[PDB]
Amino acid sequence: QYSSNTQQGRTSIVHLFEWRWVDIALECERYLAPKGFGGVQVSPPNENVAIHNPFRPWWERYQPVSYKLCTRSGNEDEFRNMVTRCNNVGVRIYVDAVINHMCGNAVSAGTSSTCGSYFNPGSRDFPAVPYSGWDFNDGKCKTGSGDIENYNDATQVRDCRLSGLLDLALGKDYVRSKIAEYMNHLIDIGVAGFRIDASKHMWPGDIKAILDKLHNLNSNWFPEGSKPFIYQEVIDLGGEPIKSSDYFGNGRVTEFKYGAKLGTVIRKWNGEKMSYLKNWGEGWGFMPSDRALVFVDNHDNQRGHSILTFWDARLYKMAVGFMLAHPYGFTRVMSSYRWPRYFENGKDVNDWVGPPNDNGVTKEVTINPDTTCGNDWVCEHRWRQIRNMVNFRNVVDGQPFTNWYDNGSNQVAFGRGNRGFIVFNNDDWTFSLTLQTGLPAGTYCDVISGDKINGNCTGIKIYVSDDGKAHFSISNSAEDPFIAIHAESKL
Ligand SMILES: C[C@H]1O[C@H](O[C@H]2[C@H](O)[C@@H](O)[C@@H](O[C@H]3[C@H](O)[C@@H](O)[C@H](O)O[C@@H]3CO)O[C@@H]2CO)[C@H](O)[C@@H](O)[C@@H]1N[C@H]1C=C(CO)[C@@H](O[C@H]2O[C@H](CO)[C@@H](O[C@H]3O[C@H](C)[C@@H](N[C@H]4C=C(CO)[C@@H](O)[C@H](O)[C@H]4O)[C@H](O)[C@H]3O)[C@H](O)[C@H]2O)[C@H](O)[C@H]1O
Ligand SMILES: C[C@H]1O[C@H](O[C@H]2[C@H](O)[C@@H](O)[C@@H](O[C@H]3[C@H](O)[C@@H](O)[C@H](O)O[C@@H]3CO)O[C@@H]2CO)[C@H](O)[C@@H](O)[C@@H]1N[C@H]1C=C(CO)[C@@H](O)[C@H](O)[C@H]1O
Ligand SMILES: C[C@H]1O[C@H](O[C@H]2[C@H](O)[C@@H](O)[C@@H](O[C@H]3[C@H](O)[C@@H](O)[C@H](O)O[C@@H]3CO)O[C@@H]2CO)[C@H](O)[C@@H](O)[C@@H]1N[C@H]1C=C(CO)[C@@H](O)[C@H](O)[C@H]1O
Ligand SMILES: [Ca+2]
Ligand SMILES: [Cl-]
């Protein structure tokens with residue numbers, strides 16, 4: 001469960017949040033394959049509640065109605081088509097598995113669902129599965145409300161309703177088997193693994209029991225005996241009885257400390273500075289690198305405070321670039337849509353807004369002439385600075401963190417063996433200095449400011465001399481105050 005199952009030399013997943021299956025299929029072929037992306041995390045592919053108040057929120061997809069592969073992203077045919085076309089060009093699909101719960105307990109009965117399935121929350125009736133009253137934790141939960149009230153009580157965190165979401169009885173072999181049936185359907189289609197939603201709200205032993213029932217990966221694309229990559233969503237910043245480490249038996253775990261601390265550093269908040277990143281990773285009290293799934297922001301926390309997002313583009317690019325250059329963890333890049341933010345007493349009252357849509361119909365991802373996206377899709381994964389850093393990570397794969405420099409403040413650099421070097425200026429004055437890069441002598445294209453195309457650079461050029469040294473100059477007023485060069489950006 002710890003191996004991503006990506007093609008050799010492909011080291012990142014991108015979350016194509018709320019993207020339609022047809023758009024993902026095309027993206028694999030036209031972009032992700034040739035740009036060396038490892039895979040795609042997809043929104044939940046299973047039927048959910050169509051919520052009309054407010055209007056089709058992104059979070060409706062986290063309220064299951066059945067395991068029918070029928071959503072605003074598309075149907076089962078489209079989903080199969082996407083996985084096949086993606087695997088055929090060496091790009092993997094990872095499913096957002098919502099298996100802790102069904103929908104909100106107070107949702108109205110009926111067929112207000114993305115595949116028209118009937119369901120009745122009040123009577124605990126989900127006949128498209130089927131689930132019935134016996135398949136939920138109503139009787140196991142010991143809180144007065146039936147919901148989670150206190151995170152300092154590990155038992156209710158697992159046995160009670162997360163914000164009133166009906167809590168599946170994962171201790172029952174029947175419930176485990178219905179979930180495994182769904183996950184096995186996806187595996188056989190060709191899915192390479194799973195993001196396990198709300199992992200904290202499940203007993204590690206119940207997750208294990210479900211995983212024990214899973215097939216090996218599809219033997220047309222994957223070597224014999226391949227297991228799904230598992231990365232479990234557990235938010236653990238400390239201070240709670242449940243720990244990320246409790247889930248290590250099942251696979252990797254999201255390291256939420258990662259983006260929280262890096263954002264704080266890059267914003268220069270709380271007295272933090274980039275020079276402190278010299279011992280980044282386990283030195284910052286993070287989980288072991290071989291279990292961490294890392295990211296600057298995710299679909300939840302990009303809607304809250306302190307986290308860096310595409311809204312803070314300049315600092316965001318640096319943070320994502322630092323992450324992609326650094327060997328700690330397995331990296332996931334966010335890909336978002338814009339929504340009509342509106343702040344009222346410091347809260348975004350429109351943080352619920354679903355993907356770009358015309359009366360609830362998801363808009364296609366259009367591609368502009370300059371390779372950016374239209375229709376309000378942000379496409380961070382297509383931003384030159386990020387896309388090129390995704391390749392940087394591939395090129396330097398397996399090389400050691402080395403040649404660290406800092407000015408004691410916010411001017412830092414480091415290399416990856418003899419294959420890549422990166423330089424950051426986050427201070428309020430100019431970074432002008434000759435540094436040991438660890439690289440062979442040559443002219444290198446800065447892949448942040450530009451591209452190598454045939455035999456020239458479209459941006460900055462760095463000149464590495466015979467002793468591996470090169471001069472860097474980065475103004476503090478630079479639009480992208482960082483430079484990165486690697487073995488494949490050499491002229
Ligand atoms: C979203 C996230 O929530 C949980 O995370 C906890 C975390 O475990 C805690 O440690 C802690 O963390 C804080 C920490 O304390 C801070 O100090 C630190 O700085 O920041 C962190 C936060 O980053 O708090 C957080 C937040 O509570 C889960 O542990 C985690 O798994 C969650 N992420 C997941 C899971 C889900 C669930 O599938 C997805 O959730 C999203 O979708 C749901 C469902 O649609 C949506 O909720 C909506 O629907 C509800 C039914 C509704 N409820 C109301 C109705 C009631 C009547 O029945 C009431 O009973 C109830 O109380 C009402 O609130 C919600 O209002 C409505 O919004 C979620 O909002 C949405 O996020 C995530 O996307 C997925 O990634
Ligand atoms: C282990 C520790 O890691 C992180 O701490 C960072 C600091 O946030 C950062 O400012 C910097 O701290 C000093 C640095 O170590 C030192 O070399 C430099 O000269 O001065 C810096 C402060 O001015 O670097 C450290 C990591 O080296 C996290 O932010 C911390 O939360 C984290 N602490 C841990 C460890 C313990 C055990 O004592 C608990 O207190 C806490 O629960 C846990 O999170
Ligand atoms: C492909 C493209 O990537 C990069 O562009 C990013 C910005 O760097 C990023 O900050 C963000 O810009 C938004 C900005 O923050 C805000 O002021 C404004 O309201 O909205 C902007 C988006 O419209 O997003 C864009 C991408 O959408 C580079 O900075 C661009 O130079 C880069 N274009 C290049 C690169 C290539 C090939 O690598 C060519 O295809 C393209 O023609 C060329 O212009
Ligand atoms: Ca639960
Ligand atoms: Cl996540």
# chains A, B, ... in the order shown; residues from 1 in each chain; ligands from 1

call {"tool": "residues_around", "arguments": {"residues": "residue 333 (chain A)", "least_positions_apart": "5", "cutoff": "10 Å", "atoms": "only C-alpha atoms", "output": "list in words"}}
result
residues 12, 13, 14, 15, 16, 37, 40, 41, 294, 295, 296, 297, 298, 320, 323, 324, 380, 381, 386, 387 and 390 of chain A

call {"tool": "write_last_selection", "arguments": {"atoms": "N, CA and C atoms", "output": "mmCIF file, in the first residue's frame"}}
result
data_model
loop_
_atom_site.group_PDB
_atom_site.id
_atom_site.type_symbol
_atom_site.label_atom_id
_atom_site.label_comp_id
_atom_site.auth_asym_id
_atom_site.auth_seq_id
_atom_site.Cartn_x
_atom_site.Cartn_y
_atom_site.Cartn_z
ATOM 1 N N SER A 12 4.754 12.676 -8.912
ATOM 2 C CA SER A 12 3.685 13.505 -8.312
ATOM 3 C C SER A 12 2.301 13.058 -8.760
ATOM 4 N N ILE A 13 1.313 13.326 -7.910
ATOM 5 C CA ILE A 13 -0.086 13.224 -8.283
ATOM 6 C C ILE A 13 -0.638 14.644 -8.352
ATOM 7 N N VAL A 14 -1.594 14.881 -9.246
ATOM 8 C CA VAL A 14 -2.288 16.165 -9.245
ATOM 9 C C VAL A 14 -3.756 15.931 -8.918
ATOM 10 N N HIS A 15 -4.335 16.745 -8.033
ATOM 11 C CA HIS A 15 -5.775 16.653 -7.715
ATOM 12 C C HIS A 15 -6.548 17.482 -8.723
ATOM 13 N N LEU A 16 -7.237 16.841 -9.659
ATOM 14 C CA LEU A 16 -8.070 17.565 -10.630
ATOM 15 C C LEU A 16 -9.489 17.690 -10.078
ATOM 16 N N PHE A 37 3.723 13.891 -15.290
ATOM 17 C CA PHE A 37 2.877 13.726 -14.093
ATOM 18 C C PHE A 37 2.628 12.239 -13.798
ATOM 19 N N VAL A 40 -3.416 11.249 -11.115
ATOM 20 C CA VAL A 40 -4.509 12.180 -10.897
ATOM 21 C C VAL A 40 -5.389 11.698 -9.741
ATOM 22 N N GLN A 41 -5.582 12.562 -8.753
ATOM 23 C CA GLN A 41 -6.602 12.281 -7.735
ATOM 24 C C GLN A 41 -7.926 12.853 -8.240
ATOM 25 N N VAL A 294 2.384 14.686 0.927
ATOM 26 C CA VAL A 294 2.567 16.127 1.199
ATOM 27 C C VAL A 294 1.929 17.012 0.135
ATOM 28 N N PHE A 295 1.684 18.271 0.508
ATOM 29 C CA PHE A 295 0.928 19.216 -0.316
ATOM 30 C C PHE A 295 0.967 20.540 0.379
ATOM 31 N N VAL A 296 0.900 21.621 -0.407
ATOM 32 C CA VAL A 296 0.824 22.969 0.161
ATOM 33 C C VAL A 296 -0.605 23.234 0.649
ATOM 34 N N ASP A 297 -1.582 22.987 -0.220
ATOM 35 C CA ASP A 297 -2.992 23.139 0.138
ATOM 36 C C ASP A 297 -3.765 21.938 -0.396
ATOM 37 N N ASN A 298 -4.962 21.720 0.150
ATOM 38 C CA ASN A 298 -5.883 20.713 -0.376
ATOM 39 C C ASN A 298 -7.243 21.379 -0.616
ATOM 40 N N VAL A 320 5.160 25.777 -3.365
ATOM 41 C CA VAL A 320 5.014 24.571 -4.173
ATOM 42 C C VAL A 320 6.382 24.201 -4.786
ATOM 43 N N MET A 323 8.527 22.618 -2.058
ATOM 44 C CA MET A 323 8.039 21.252 -1.829
ATOM 45 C C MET A 323 8.503 20.263 -2.925
ATOM 46 N N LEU A 324 8.324 20.650 -4.183
ATOM 47 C CA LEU A 324 8.721 19.793 -5.291
ATOM 48 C C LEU A 324 10.234 19.567 -5.405
ATOM 49 N N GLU A 380 -3.522 25.172 -11.808
ATOM 50 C CA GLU A 380 -2.185 25.430 -11.246
ATOM 51 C C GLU A 380 -1.144 24.490 -11.847
ATOM 52 N N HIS A 381 -1.565 23.272 -12.203
ATOM 53 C CA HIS A 381 -0.639 22.236 -12.696
ATOM 54 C C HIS A 381 -0.080 22.599 -14.078
ATOM 55 N N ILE A 386 5.052 25.672 -11.884
ATOM 56 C CA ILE A 386 4.690 24.463 -11.154
ATOM 57 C C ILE A 386 4.912 23.237 -12.023
ATOM 58 N N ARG A 387 4.382 23.273 -13.234
ATOM 59 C CA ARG A 387 4.639 22.213 -14.193
ATOM 60 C C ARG A 387 6.130 21.897 -14.317
ATOM 61 N N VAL A 390 7.412 20.084 -11.273
ATOM 62 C CA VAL A 390 6.976 18.676 -11.330
ATOM 63 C C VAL A 390 8.024 17.853 -12.106
#

call {"tool": "select_by_dssp", "arguments": {"residues": "region 243-294 of chain A", "states": "strand (DSSP E)", "output": "PyMOL selection string"}}
result
chain A and resi 252-254+292-294

call {"tool": "residues_near_ligand", "arguments": {"ligand": "ligand 4", "cutoff": "6 Å", "atoms": "only C-alpha atoms and all ligand atoms", "output": "ChimeraX atom specification"}}
result
/A:100,158-159,167,201-202

call {"tool": "select_by_dssp", "arguments": {"residues": "region 185-419 of chain A", "states": "alpha helix (DSSP H)", "output": "VMD selection string"}}
result
chain A and resid 185 to 189 204 to 211 256 to 266 313 to 325 384 to 396

call {"tool": "write_last_selection", "arguments": {"atoms": "C-alpha atoms", "output": "mmCIF file, in the first residue's frame"}}
result
data_model
loop_
_atom_site.group_PDB
_atom_site.id
_atom_site.type_symbol
_atom_site.label_atom_id
_atom_site.label_comp_id
_atom_site.auth_asym_id
_atom_site.auth_seq_id
_atom_site.Cartn_x
_atom_site.Cartn_y
_atom_site.Cartn_z
ATOM 1 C CA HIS A 185 -15.011 -2.433 -9.112
ATOM 2 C CA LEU A 186 -12.700 0.618 -9.334
ATOM 3 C CA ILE A 187 -9.507 -1.466 -9.006
ATOM 4 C CA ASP A 188 -10.524 -3.767 -11.889
ATOM 5 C CA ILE A 189 -11.351 -0.792 -14.092
ATOM 6 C CA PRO A 204 -7.543 1.535 11.750
ATOM 7 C CA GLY A 205 -8.672 -2.106 12.180
ATOM 8 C CA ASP A 206 -11.845 -1.535 10.143
ATOM 9 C CA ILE A 207 -9.905 0.121 7.312
ATOM 10 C CA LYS A 208 -7.555 -2.886 7.416
ATOM 11 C CA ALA A 209 -10.495 -5.334 7.225
ATOM 12 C CA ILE A 210 -11.792 -3.529 4.115
ATOM 13 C CA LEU A 211 -8.342 -3.477 2.522
ATOM 14 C CA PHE A 256 -1.190 18.311 7.279
ATOM 15 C CA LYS A 257 1.639 19.759 9.377
ATOM 16 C CA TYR A 258 3.486 20.148 6.071
ATOM 17 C CA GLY A 259 1.521 22.925 4.329
ATOM 18 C CA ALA A 260 0.570 24.584 7.645
ATOM 19 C CA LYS A 261 4.215 25.093 8.626
ATOM 20 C CA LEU A 262 5.488 25.915 5.143
ATOM 21 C CA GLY A 263 2.779 28.552 4.640
ATOM 22 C CA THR A 264 3.683 30.097 7.998
ATOM 23 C CA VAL A 265 7.380 30.173 6.936
ATOM 24 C CA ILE A 266 6.836 31.608 3.430
ATOM 25 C CA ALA A 313 -0.010 33.204 -6.451
ATOM 26 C CA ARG A 314 3.514 34.598 -5.928
ATOM 27 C CA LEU A 315 4.111 33.042 -2.491
ATOM 28 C CA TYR A 316 2.165 29.944 -3.521
ATOM 29 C CA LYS A 317 4.489 29.201 -6.438
ATOM 30 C CA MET A 318 7.535 29.437 -4.138
ATOM 31 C CA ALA A 319 6.022 27.142 -1.518
ATOM 32 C CA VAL A 320 5.014 24.571 -4.173
ATOM 33 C CA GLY A 321 8.473 24.921 -5.761
ATOM 34 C CA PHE A 322 10.204 24.344 -2.414
ATOM 35 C CA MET A 323 8.039 21.252 -1.829
ATOM 36 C CA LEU A 324 8.721 19.793 -5.291
ATOM 37 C CA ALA A 325 12.501 20.357 -4.950
ATOM 38 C CA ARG A 384 4.860 27.093 -15.996
ATOM 39 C CA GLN A 385 6.570 27.463 -12.591
ATOM 40 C CA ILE A 386 4.690 24.463 -11.154
ATOM 41 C CA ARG A 387 4.639 22.213 -14.193
ATOM 42 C CA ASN A 388 8.410 22.680 -14.570
ATOM 43 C CA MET A 389 9.001 21.917 -10.877
ATOM 44 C CA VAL A 390 6.976 18.676 -11.330
ATOM 45 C CA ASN A 391 9.607 17.711 -13.951
ATOM 46 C CA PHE A 392 12.451 18.930 -11.679
ATOM 47 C CA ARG A 393 11.279 16.387 -9.062
ATOM 48 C CA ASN A 394 11.325 13.571 -11.680
ATOM 49 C CA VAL A 395 14.832 14.557 -12.872
ATOM 50 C CA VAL A 396 16.367 14.642 -9.368
#

call {"tool": "closest_residue", "arguments": {"among": "A:428, A:370, A:466, A:77", "to": "ligand 3", "atoms": "only C-alpha atoms and all ligand atoms"}}
result
A:370

call {"tool": "residues_near_ligand", "arguments": {"ligand": "ligand 3", "cutoff": "12 Å", "atoms": "only C-alpha atoms and all ligand atoms", "output": "PyMOL selection string"}}
result
chain A and resi 31+35+309-318+335-338+367-389+446-453+457-459+478-481

call {"tool": "write_last_selection", "arguments": {"atoms": "C-alpha atoms", "output": "PDB file, in the first residue's frame"}}
result
ATOM      1  CA  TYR A  31      -0.542  17.214 -21.064  1.00  0.00           C
ATOM      2  CA  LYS A  35       4.825  16.619 -18.816  1.00  0.00           C
ATOM      3  CA  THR A 309      -3.325  28.992  -2.308  1.00  0.00           C
ATOM      4  CA  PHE A 310      -3.565  30.153  -5.930  1.00  0.00           C
ATOM      5  CA  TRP A 311      -5.155  33.322  -4.482  1.00  0.00           C
ATOM      6  CA  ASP A 312      -1.653  34.176  -3.175  1.00  0.00           C
ATOM      7  CA  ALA A 313      -0.010  33.204  -6.451  1.00  0.00           C
ATOM      8  CA  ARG A 314       3.514  34.598  -5.928  1.00  0.00           C
ATOM      9  CA  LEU A 315       4.111  33.042  -2.491  1.00  0.00           C
ATOM     10  CA  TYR A 316       2.165  29.944  -3.521  1.00  0.00           C
ATOM     11  CA  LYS A 317       4.489  29.201  -6.438  1.00  0.00           C
ATOM     12  CA  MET A 318       7.535  29.437  -4.138  1.00  0.00           C
ATOM     13  CA  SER A 335      -5.550  22.004  -9.230  1.00  0.00           C
ATOM     14  CA  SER A 336      -8.478  24.293  -8.461  1.00  0.00           C
ATOM     15  CA  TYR A 337     -11.301  26.381  -9.801  1.00  0.00           C
ATOM     16  CA  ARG A 338     -11.982  30.052  -9.061  1.00  0.00           C
ATOM     17  CA  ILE A 367      -7.589  25.414 -22.983  1.00  0.00           C
ATOM     18  CA  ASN A 368      -6.480  28.890 -23.969  1.00  0.00           C
ATOM     19  CA  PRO A 369      -3.961  29.566 -26.788  1.00  0.00           C
ATOM     20  CA  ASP A 370      -1.207  30.172 -24.182  1.00  0.00           C
ATOM     21  CA  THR A 371      -1.933  26.745 -22.530  1.00  0.00           C
ATOM     22  CA  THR A 372      -3.718  28.219 -19.488  1.00  0.00           C
ATOM     23  CA  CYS A 373      -7.357  27.293 -18.749  1.00  0.00           C
ATOM     24  CA  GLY A 374     -10.607  29.191 -19.323  1.00  0.00           C
ATOM     25  CA  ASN A 375     -14.088  28.710 -17.837  1.00  0.00           C
ATOM     26  CA  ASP A 376     -12.758  29.691 -14.356  1.00  0.00           C
ATOM     27  CA  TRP A 377     -10.569  26.590 -13.968  1.00  0.00           C
ATOM     28  CA  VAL A 378      -7.287  27.700 -12.354  1.00  0.00           C
ATOM     29  CA  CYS A 379      -5.110  24.816 -13.618  1.00  0.00           C
ATOM     30  CA  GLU A 380      -2.185  25.430 -11.246  1.00  0.00           C
ATOM     31  CA  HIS A 381      -0.639  22.236 -12.696  1.00  0.00           C
ATOM     32  CA  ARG A 382      -0.289  24.094 -16.028  1.00  0.00           C
ATOM     33  CA  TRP A 383       1.393  27.181 -14.462  1.00  0.00           C
ATOM     34  CA  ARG A 384       4.860  27.093 -15.996  1.00  0.00           C
ATOM     35  CA  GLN A 385       6.570  27.463 -12.591  1.00  0.00           C
ATOM     36  CA  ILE A 386       4.690  24.463 -11.154  1.00  0.00           C
ATOM     37  CA  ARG A 387       4.639  22.213 -14.193  1.00  0.00           C
ATOM     38  CA  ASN A 388       8.410  22.680 -14.570  1.00  0.00           C
ATOM     39  CA  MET A 389       9.001  21.917 -10.877  1.00  0.00           C
ATOM     40  CA  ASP A 446      15.972  28.595 -15.310  1.00  0.00           C
ATOM     41  CA  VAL A 447      12.758  26.519 -15.510  1.00  0.00           C
ATOM     42  CA  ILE A 448      10.872  28.974 -13.276  1.00  0.00           C
ATOM     43  CA  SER A 449      11.186  32.029 -15.577  1.00  0.00           C
ATOM     44  CA  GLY A 450      11.134  30.021 -18.814  1.00  0.00           C
ATOM     45  CA  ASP A 451      11.608  26.784 -20.739  1.00  0.00           C
ATOM     46  CA  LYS A 452      14.352  25.000 -22.634  1.00  0.00           C
ATOM     47  CA  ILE A 453      13.155  24.787 -26.251  1.00  0.00           C
ATOM     48  CA  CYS A 457      16.120  29.247 -23.029  1.00  0.00           C
ATOM     49  CA  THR A 458      12.982  31.403 -23.049  1.00  0.00           C
ATOM     50  CA  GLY A 459      13.808  32.831 -19.630  1.00  0.00           C
ATOM     51  CA  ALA A 478      10.944  39.726  -8.643  1.00  0.00           C
ATOM     52  CA  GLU A 479       7.517  38.412  -9.678  1.00  0.00           C
ATOM     53  CA  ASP A 480       8.896  34.871  -9.060  1.00  0.00           C
ATOM     54  CA  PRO A 481      11.753  35.332  -6.578  1.00  0.00           C
TER      55      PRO A 481
END

call {"tool": "residues_around", "arguments": {"residues": "residue 415 (chain A)", "least_positions_apart": "3", "cutoff": "8 Å", "atoms": "only C-alpha atoms", "output": "PyMOL selection string"}}
result
chain A and resi 400-404+418-422+437-438

call {"tool": "closest_residue", "arguments": {"among": "A:332, A:326, A:213, A:72", "to": "ligand 5", "atoms": "only C-alpha atoms and all ligand atoms"}}
result
A:332

call {"tool": "residues_near_ligand", "arguments": {"ligand": "ligand 5", "cutoff": "12 Å", "atoms": "only C-alpha atoms and all ligand atoms", "output": "PyMOL selection string"}}
result
chain A and resi 13-15+17+41-43+94-98+194-200+230-236+252-256+259+292-302+331-334

call {"tool": "closest_residue", "arguments": {"among": "A:157, A:51, A:217, A:274", "to": "ligand 2", "atoms": "only C-alpha atoms and all ligand atoms"}}
result
A:274

call {"tool": "atom_distance", "arguments": {"atom1": "CA of residue 411 (chain A)", "atom2": "CA of residue 472 (chain A)"}}
result
11.3 Å

call {"tool": "closest_atom_pairs", "arguments": {"of": "chain A", "to": "ligand 2", "cutoff": "8 Å", "atoms": "only C-alpha atoms and all ligand atoms", "output": "Markdown table"}}
result
| residue | atom | partner | partner_atom_place_in_ligand_line | distance |
| --- | --- | --- | --- | --- |
| A:237 | CA | ligand 2 | 44 (O) | 7.4 |
| A:238 | CA | ligand 2 | 42 (O) | 6.1 |
| A:239 | CA | ligand 2 | 42 (O) | 7.5 |
| A:261 | CA | ligand 2 | 29 (O) | 6.4 |
| A:271 | CA | ligand 2 | 10 (O) | 7.0 |
| A:272 | CA | ligand 2 | 10 (O) | 5.2 |
| A:273 | CA | ligand 2 | 10 (O) | 7.2 |
| A:276 | CA | ligand 2 | 24 (O) | 5.0 |
| A:277 | CA | ligand 2 | 24 (O) | 7.0 |
| A:279 | CA | ligand 2 | 27 (O) | 6.3 |
| A:280 | CA | ligand 2 | 26 (C) | 7.4 |
| A:282 | CA | ligand 2 | 1 (C) | 7.9 |
| A:283 | CA | ligand 2 | 27 (O) | 5.8 |
| A:284 | CA | ligand 2 | 3 (O) | 3.2 |
| A:285 | CA | ligand 2 | 1 (C) | 4.3 |
| A:286 | CA | ligand 2 | 3 (O) | 7.7 |

call {"tool": "residues_around", "arguments": {"residues": "region 132-139 of chain A", "least_positions_apart": "3", "cutoff": "7 Å", "atoms": "only C-alpha atoms", "output": "list in words"}}
result
residues 123, 124, 125, 126, 146, 159, 160, 166, 167, 168, 169 and 175 of chain A

call {"tool": "atom_distance", "arguments": {"atom1": "CA of residue 115 (chain A)", "atom2": "CA of residue 228 (chain A)"}}
result
27.0 Å

call {"tool": "residues_around", "arguments": {"residues": "residue 82 (chain A)", "least_positions_apart": "3", "cutoff": "8 Å", "atoms": "only C-alpha atoms", "output": "ChimeraX atom specification"}}
result
/A:21-22,24-25,78-79,85-86

call {"tool": "write_last_selection", "arguments": {"atoms": "N, CA and C atoms", "output": "PDB file, in the first residue's frame"}}
result
ATOM      1  N   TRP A  21     -14.734  13.482 -16.120  1.00  0.00           N
ATOM      2  CA  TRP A  21     -13.943  12.350 -16.592  1.00  0.00           C
ATOM      3  C   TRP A  21     -13.425  12.570 -18.007  1.00  0.00           C
ATOM      4  N   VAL A  22     -14.243  13.147 -18.894  1.00  0.00           N
ATOM      5  CA  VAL A  22     -13.809  13.356 -20.289  1.00  0.00           C
ATOM      6  C   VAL A  22     -12.632  14.339 -20.385  1.00  0.00           C
ATOM      7  N   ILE A  24     -10.490  14.901 -17.880  1.00  0.00           N
ATOM      8  CA  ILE A  24      -9.304  14.232 -17.334  1.00  0.00           C
ATOM      9  C   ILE A  24      -8.665  13.306 -18.383  1.00  0.00           C
ATOM     10  N   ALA A  25      -9.504  12.536 -19.088  1.00  0.00           N
ATOM     11  CA  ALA A  25      -9.004  11.621 -20.124  1.00  0.00           C
ATOM     12  C   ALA A  25      -8.168  12.399 -21.129  1.00  0.00           C
ATOM     13  N   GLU A  78     -17.883   6.805 -19.021  1.00  0.00           N
ATOM     14  CA  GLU A  78     -16.910   7.896 -19.107  1.00  0.00           C
ATOM     15  C   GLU A  78     -15.754   7.681 -18.139  1.00  0.00           C
ATOM     16  N   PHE A  79     -16.083   7.164 -16.955  1.00  0.00           N
ATOM     17  CA  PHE A  79     -15.079   6.847 -15.937  1.00  0.00           C
ATOM     18  C   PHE A  79     -14.129   5.741 -16.409  1.00  0.00           C
ATOM     19  N   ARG A  85      -7.692   5.333 -20.873  1.00  0.00           N
ATOM     20  CA  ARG A  85      -6.863   6.238 -21.672  1.00  0.00           C
ATOM     21  C   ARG A  85      -5.703   6.809 -20.858  1.00  0.00           C
ATOM     22  N   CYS A  86      -5.938   7.056 -19.572  1.00  0.00           N
ATOM     23  CA  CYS A  86      -4.876   7.535 -18.700  1.00  0.00           C
ATOM     24  C   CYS A  86      -3.816   6.427 -18.496  1.00  0.00           C
TER      25      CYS A  86
END

call {"tool": "residues_around", "arguments": {"residues": "residue 423 (chain A)", "least_positions_apart": "4", "cutoff": "7 Å", "atoms": "only C-alpha atoms", "output": "PyMOL selection string"}}
result
chain A and resi 412-414+482-484

call {"tool": "write_last_selection", "arguments": {"atoms": "C-alpha atoms", "output": "PDB file, in the first residue's frame"}}
result
ATOM      1  CA  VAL A 412      18.296  29.991   0.818  1.00  0.00           C
ATOM      2  CA  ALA A 413      19.451  27.427  -1.750  1.00  0.00           C
ATOM      3  CA  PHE A 414      19.951  23.680  -1.979  1.00  0.00           C
ATOM      4  CA  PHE A 482      13.232  31.862  -7.134  1.00  0.00           C
ATOM      5  CA  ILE A 483      15.304  30.039  -9.741  1.00  0.00           C
ATOM      6  CA  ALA A 484      15.660  26.303 -10.435  1.00  0.00           C
TER       7      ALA A 484
END

call {"tool": "closest_residue", "arguments": {"among": "A:249, A:64, A:355, A:329", "to": "ligand 1", "atoms": "only C-alpha atoms and all ligand atoms"}}
result
A:64

call {"tool": "atom_distance", "arguments": {"atom1": "CA of residue 341 (chain A)", "atom2": "atom 74 (O, counted along the ligand's line) of ligand 1"}}
result
17.8 Å
